[PDB]
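Here the structure comes first, spelled out in structure tokens, and everything after it is commentary.
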Number of protein chains: 2
Amino acid sequence: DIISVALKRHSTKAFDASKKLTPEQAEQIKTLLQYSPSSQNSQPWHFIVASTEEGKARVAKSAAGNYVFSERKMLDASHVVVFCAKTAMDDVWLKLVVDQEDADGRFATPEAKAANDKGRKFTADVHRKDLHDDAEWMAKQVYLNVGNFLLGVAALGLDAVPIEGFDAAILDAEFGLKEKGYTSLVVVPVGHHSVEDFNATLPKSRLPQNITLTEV
Amino acid sequence: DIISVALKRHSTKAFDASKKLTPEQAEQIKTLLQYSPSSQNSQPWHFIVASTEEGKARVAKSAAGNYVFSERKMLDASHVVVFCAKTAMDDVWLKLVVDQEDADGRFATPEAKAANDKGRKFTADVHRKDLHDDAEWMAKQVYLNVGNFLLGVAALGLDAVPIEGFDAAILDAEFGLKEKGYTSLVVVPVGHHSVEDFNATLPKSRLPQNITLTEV
Ligand SMILES: Cc1cc2nc3c(=O)[nH]c(=O)nc-3n(C[C@H](O)[C@H](O)[C@H](O)COP(=O)(O)O)c2cc1C
Ligand SMILES: Cc1cc2nc3c(=O)[nH]c(=O)nc-3n(C[C@H](O)[C@H](O)[C@H](O)COP(=O)(O)O)c2cc1C
Ligand SMILES: O=C(O)c1cccnc1
Ligand SMILES: O=C(O)c1cccnc1
């Protein structure tokens with residue numbers, strides 16, 4: 001059951017390099033990434049999935065220097081996912097989203113399609129013109145995908161760890177993200193933990209509900 | 001299987017008001033909220049869980065004006081969760097987190113406790129003093145909790161919808177959040193969909209992976 005998974009999952013501190021995802025697991029993690037929800041189904045994201053040693057080495061360049069403890073995680077995991085957010089809101093993307101919704105058969109009429117597009121544009125306009133927070137808004141949706149992903153991969157029986165401990169400017173330059181209109185936010189290595197993962201046997205710790213939660 | 005869950009879940013557009021969470025499901029959703037991961041185990045969040053008519057009516061005040069379509073969802077769902085983020089980083093919270101980790105038995109020595117606290121404080125200081133983005137950073141963690149929650153509730157067999165379509169200023173004032181140092185970000189009604197939920201029978205739509213995903 002999913003509660004057992006939420007209580008048993010942990011942030012892996014060390015991965016077993018000999019243990020690779022099955023072909024089926026590799027496809028499943030890509031499905032999890034794709035099918036996350038997002039505000040207005042905006043999907044304001046790109047994913048880099050590194051599974052070769054060369055690919056993972058390129059991602060790990062971002063952990064050089066101050067983030068050296070992140071490096072082994074990045075190199076030793078089977079697959080490494082880099083979660084990127086769109087930095088500017090392009091109208092091309094919004095059209096792409098609604099054209100895909102149309103192709104998938106979500107609209108009964110042209111008028112329903114037009115209304116969906118109008119709603120999405122309105123929301124995007126509120127964030128960019130009224131709140132001046134569109135970059136933040138898009139990044140929040142990516143963090144939502146990360147949360148979905150971490151629970152999903154645990155429910156597949158895989159070990160993972162979310163990493164903010166890397167240099168985003170280096171990762172951006174390594175993959176040319178700035179010019180494509182993306183920024184890297186979170187790196188998530190995925191695989192199986194090794195016997196050196198000290199966190200696997202430690203109790204989980206959270207604040208009590210009487211501190212964080214009010215019932216009304 | 002979790003992939004089936006991710007592919008079958010949907011944003012509910014209409015709830016069945018007669019269909020309530022079981023007592024056990026109500027406890028399980030609160031556990032999901034508590035046990036989400038967060039950067040540095042910072043847990044920079046508060047949750048309001050409304051299950052009474054009075055409670056849910058208070059939340060639904062925020063679905064006024066531009067947000068009237070959110071009102072039915074908030075009133076008709078069994079339980080409504082408001083996800084709030086801390087707005088100022090208080091040192092009291094950071095001390096509380098590490099004191100809880102200590103009580104749960106995560107540290108072998110006083111030196112390991114001190115190092116954990118030092119790391120957490122360093123990270124918090126980078127966001128507040130160097131990046132000037134601490135509010136954004138805390139809100140990102142709450143969105144991560146939301147993504148965890150949405151998949152978890154689906155795996156429990158419950159329907160949900162995430163809502164950004166509400167008036168946060170009204171919700172903040174209704175519960176006195178500003179003075180407590182929180183801001184409401186996302187409202188998630190939880191329950192069972194009704195036969196009027198038009199989204200339950202529509203195909204799910206996402207951009208193809210050849211647009212959103214690069215393998216390296
Ligand atoms: C957004 C995010 C960023 C994180 N960054 C790191 C990181 O850079 N290095 C690391 O060792 N752990 C990292 N963690 C793991 C957290 O410390 C961990 O989630 C938290 O202590 C709760 O423990 P758990 O994940 O075992 O439940 C990160 C977690 C999240 C959610
Ligand atoms: C952060 C967030 C905010 C959302 N806000 C709303 C909302 O205000 N009203 C609504 O009807 N749906 C809202 N949605 C639902 C999205 O439109 C939805 O996730 C997506 O279009 C439909 O895909 P799904 O059925 O896979 O969730 C929100 C989704 C997310 C992730
Ligand atoms: O996804 C939606 O339908 C949505 C998102 C934000 C605001 N209003 C609607
Ligand atoms: O949670 C952690 O261990 C963490 C978070 C950010 C950066 N470095 C470490």
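Naming works like this for the structure tokens: A, B, ... for the chains as they're shown, residue 1 at the start of each chain, ligands 1 onward in shown order.
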
Contact set, chain B to chain A: 7 Å, only C-alpha atoms, as a ChimeraX atom specification: /B:2-3,6-7,28,32,34-35,45-52,55,97,100-101,104-106,140,143-148,151-152,155-156,202-203,205-207,209,212-216

Members of range 99-167 of chain B assigned alpha helix (DSSP H) by DSSP, as a VMD selection string: chain B and resid 99 to 103 110 to 125 134 to 155

Which residue of A:21, A:138, A:63, A:177 approaches ligand 2 most closely, using only C-alpha atoms and all ligand atoms: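 Closest to ligand 2, using only C-alpha atoms and all ligand atoms: A:138.
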
Atomic separation - CA of residue 135 in chain A relative to atom 12 (N, counted along the ligand's line) of ligand 1, Å: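 So the answer is 24.2 Å.
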
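Excluding residue 17 in chain B itself and same-chain residues fewer than 6 positions from it, the residues having an atom within 12 Å of it are residues 51, 52, 53, 56, 72, 73, 74, 75, 76, 77, 78, 79, 189, 190, 191, 192, 193, 194, 195 and 196 of chain B, counting only C-alpha atoms.
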
In range 37-98 of chain B, DSSP strand (DSSP E or B) residues written as a ChimeraX atom specification: /B:45-50,79-86

Nearest residue to ligand 4 from the set B:68, B:19, B:116, B:25 (distances using only C-alpha atoms and all ligand atoms):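 Using only C-alpha atoms and all ligand atoms, ligand 4 sits closest to B:116.
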
Length of the CA of residue 121 in chain A to CA of residue 172 in chain B vector [Å]: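 Between these atoms lies a distance of 26.5 Å.
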
Distance of CA of residue 183 in chain A from CA of residue 129 in chain B, expressed in Å to one decimal place: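 CA of residue 129 in chain B sits 21.5 Å away from CA of residue 183 in chain A.
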
Which of A:108, A:126, A:14, A:88 sits closest to ligand 3 [using only C-alpha atoms and all ligand atoms]: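 Ranked by minimum distance to ligand 3, first place goes to A:126.
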